[PDB]
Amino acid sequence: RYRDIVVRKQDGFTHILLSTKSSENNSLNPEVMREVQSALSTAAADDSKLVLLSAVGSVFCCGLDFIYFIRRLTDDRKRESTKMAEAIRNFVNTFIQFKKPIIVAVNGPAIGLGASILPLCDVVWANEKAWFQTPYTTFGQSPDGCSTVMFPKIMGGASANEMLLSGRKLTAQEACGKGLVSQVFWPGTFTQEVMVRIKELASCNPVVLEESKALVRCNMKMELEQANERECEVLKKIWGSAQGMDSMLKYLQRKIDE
């Protein structure tokens, strides 16, 4: 009955795989976002020791589906812009509140909100096929997923502003240098290197896992909530204005002209 994700619960952990059918290329829309929240809600309440999040196919996550979004905005700009900003806020908050470890395997591009959510997970393992970009300014939006606070925290201001203002694309290795990725594995053995460590993690006392994450997350929880809310209030402002989609349209024009 989930349409856009595959969920598997086995060997002490829940595995959630992004596999979107209501949107292309693992892009996010409110329906995809709700299914991830539902799957994480169940994992938070069952005996899962941790969650592994990964993706089916060649893209980890393209971030927001702006074509889906523009169609909504043409129907009722004021109502739909509010609704998208709240959907994002709730989606992001799910990651902020989640009490067990979220381990991410990134095997392809992670773009926009698909990259911004990574600092809200616990461990990120990538291979060289993965790259990371937050092309917010290109799409004409301010940042999301608490990246306005988290990117300066993990890579420092100079690097964070380059990603957030300049739309710099990072290889897996460069994202590791910039604190986005925990470790990079060869593509050929990526799955086995990820699964061996998930098995090791799932063999630990899940109380010790939870206590440790609680210790790491507690100095930042408030600040994350406050960031998420500020960012979403800005997005409402931008997406509710008549010119909100102009940068995105120019981007699409370039893409189709290429």
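Note that residue numbering begins at 1 and tracks the sequence as displayed.
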property: Which of 185-193 and 38-46 has higher mean CA B factor, as the PDB entry lists it; result: 185-193
property: Entry-level comparison of average CA B-factors, 138-146 and 89-97, reporting the higher stretch; result: 138-146
property: Out of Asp122, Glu80, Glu174, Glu162, highest CA B-factor residue; result: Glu80
property: Residue, from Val59, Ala202, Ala227, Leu53, that the PDB entry assigns the highest Cα B-factor; result: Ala202
property: Lowest, middle or highest third - CA B-factor, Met155; result: middle
property: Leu235 - Cα temperature factor, lowest/middle/highest third of chain; result: middle
property: Relative C-alpha B-factor of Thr14, binned into the chain's lowest, middle or highest third; result: lowest
property: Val104, C-alpha B-factor rank within chain (lowest, middle or highest third); result: lowest
property: Assigned third (lowest, middle, highest) for the C-alpha B factor of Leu73; result: highest
